[PDB]
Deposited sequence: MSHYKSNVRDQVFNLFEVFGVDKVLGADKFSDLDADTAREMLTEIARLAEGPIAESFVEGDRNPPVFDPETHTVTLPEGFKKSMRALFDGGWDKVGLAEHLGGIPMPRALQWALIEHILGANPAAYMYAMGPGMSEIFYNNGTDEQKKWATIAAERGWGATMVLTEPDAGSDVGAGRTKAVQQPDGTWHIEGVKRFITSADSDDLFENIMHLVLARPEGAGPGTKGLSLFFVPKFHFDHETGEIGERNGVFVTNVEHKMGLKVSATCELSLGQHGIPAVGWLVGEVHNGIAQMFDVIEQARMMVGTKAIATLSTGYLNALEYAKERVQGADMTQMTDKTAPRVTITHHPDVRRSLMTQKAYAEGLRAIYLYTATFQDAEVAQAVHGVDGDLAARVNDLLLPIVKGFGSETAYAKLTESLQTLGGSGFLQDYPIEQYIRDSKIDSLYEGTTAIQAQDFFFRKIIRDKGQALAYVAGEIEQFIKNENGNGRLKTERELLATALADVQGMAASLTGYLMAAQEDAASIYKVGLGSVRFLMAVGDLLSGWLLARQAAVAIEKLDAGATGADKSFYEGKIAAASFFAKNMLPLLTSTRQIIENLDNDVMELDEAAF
């Protein structure tokens, strides 16, 4: 199959670096032990490498077909077979609450399991997000709505998040879809939404729960005026779940995309076909953007994990290719035109490329798993000694890194993966060109990189009063202040100071905006580079932490494949510190010298 997994690195992170096994068999996870967690990782990785990856090519080459008269999509049969393999193993219920039929587990294990589906066929996981979205509806719902959410989860209904409109993408608060209150307390939703993932899904599911943002008639402007509504594809019996009459919510177009083709990306028309789109106000309160961000937070974690998953299998495909491809002589024998030909892993530029791919893939894996350790209060306490409030703020700080830095990094470093194959990398015979096309969406949906970087600075640092950022910086400082990693710790110290300098510069521009409003533009100009710098710093630190563990295991006497694995962690941490981190010094100097010339330029001059 195309999909090459890395359970070994996952288990290294979960158990040898972060110690998530400390909570297994205790309190919420009393019924899940470490051996079982490992077995589940191996099991889903095998399922991903087999039946799920089997339709990865098919979904792209034979993409979904829309019938505009039935407002339905037909998915390729091979992809539906992969979906059934996912459902038959219960993998659309990973980490679902126990009362909804799930297996309780730390979020760090949950996302490690999901990584394999996202690497093998990411749209398959997207289609399978229904039960998790039903749990969010449960948590935000009235007692009666919790009964519907239980049905939806138990029956495996699909689900969507429905926000975007043609004129309201990044600016969610500009949305014009309306909600009209009915005497009996239901609402009729009227509007056209766009770019809705999974808004129809062929016959995968008995029903779909649309979670729709809409503006009640007479509500105020902006996101504050928006409410969230449960809008099912089919009406249903609220006691038994029996599916009833079709609700007035119809797909009216399916986009032709660069990649992720098997994910139906839809225009969704509500109340436009002479049938009301009945919706129920979630929680029977008007609090839409707050409620919908429970969904957005999960989707941003998913997109980041998808990016990392895809870079990982891209790297491992490139590595396998490089080990076998014979081309050229060793550089030490270039002059000799009779020298033996060698496999291309002998060439310095190929080893540079591979170690770049490796270090970023493994640094990103460490980042999303680190982030997830703050998503359970019990895990954050056991592994970090951090209380619930701080853990939540740290998770909030890291999500735009997982999403924003992960999405940008994975796409960029897949360029190196493709390059490693030479001309063959341009062929559809190999999976890397599809990885690139499928990953380009990651920087765009669930909030563009610029929106992630604005969220990160203004909301996760400034509004947070820097508490979460100071916590993470303190952990990096402690690592620095703890022989064989001295050069790496010195390089990390410089990188930490560089990022601190960037944060101070941008905060200074924000303060200056009290006096000259246009000074705020300099925050915008520097925001994305600052986000990427924090990502690089975290990557280098977590890689260096991994190298410290690897040194310990090597000193203790690791042999064989274990020894090679640990040796590679040391090499990745050292390579990243020496080749990636120093660039942050120049980025700091650039951010310190930002000016508004590019903002004052006449638009006609571009």
Q) Missing C-alpha stretches, by deposited numbering? A) 1, 484 to 487
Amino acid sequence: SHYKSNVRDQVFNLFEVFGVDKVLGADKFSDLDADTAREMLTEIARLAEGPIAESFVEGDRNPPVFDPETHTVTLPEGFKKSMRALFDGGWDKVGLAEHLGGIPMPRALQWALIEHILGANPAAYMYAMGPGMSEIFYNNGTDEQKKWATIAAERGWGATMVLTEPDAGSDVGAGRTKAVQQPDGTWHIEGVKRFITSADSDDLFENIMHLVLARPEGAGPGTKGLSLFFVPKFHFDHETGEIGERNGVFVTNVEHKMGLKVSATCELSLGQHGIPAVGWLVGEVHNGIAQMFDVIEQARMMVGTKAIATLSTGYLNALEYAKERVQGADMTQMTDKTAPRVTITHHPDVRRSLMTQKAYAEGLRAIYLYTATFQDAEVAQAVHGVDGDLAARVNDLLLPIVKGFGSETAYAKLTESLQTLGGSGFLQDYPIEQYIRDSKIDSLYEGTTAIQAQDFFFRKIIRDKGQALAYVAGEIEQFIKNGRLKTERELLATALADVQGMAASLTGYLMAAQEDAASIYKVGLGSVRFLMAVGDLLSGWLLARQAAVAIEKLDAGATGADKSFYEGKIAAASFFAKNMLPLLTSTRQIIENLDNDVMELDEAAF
From here on, numbers count along this sequence of modelled residues.
Q) Mean C-alpha B factor from the entry: is it higher for 126 to 134 or for 327 to 335? A) 327 to 335
Q: Taking the mean of the C-alpha B-factors per stretch from the entry, tell me the winner out of 496 to 504 and 363 to 371.
A: 496 to 504
Q) Can you tell me which of 308, 292, 83, 251 has the highest Cα temperature factor in the record? A) 292
Q) Based on the PDB record, which member of 146, 256, 352, 463 exhibits the highest Cα temperature factor? A) 463
Q: Can you work out whether the C-alpha temperature factor of residue 115 puts it in the lowest, middle or highest third of the chain?
A: lowest
Q | Third of the chain's Cα B-factor distribution that residue 447 belongs to, per the entry | A | middle
Q: State the tercile, meaning the lowest, middle or highest third, of residue 593 with respect to the CA B-factors recorded for its chain.
A: highest
Q: Place residue 542 in the lowest, middle or highest third of its chain's C-alpha B-factors, as listed in the PDB entry.
A: lowest
(Q) Splitting the chain's C-alpha B-factors into thirds, which one does residue 11 fall into? (A) middle
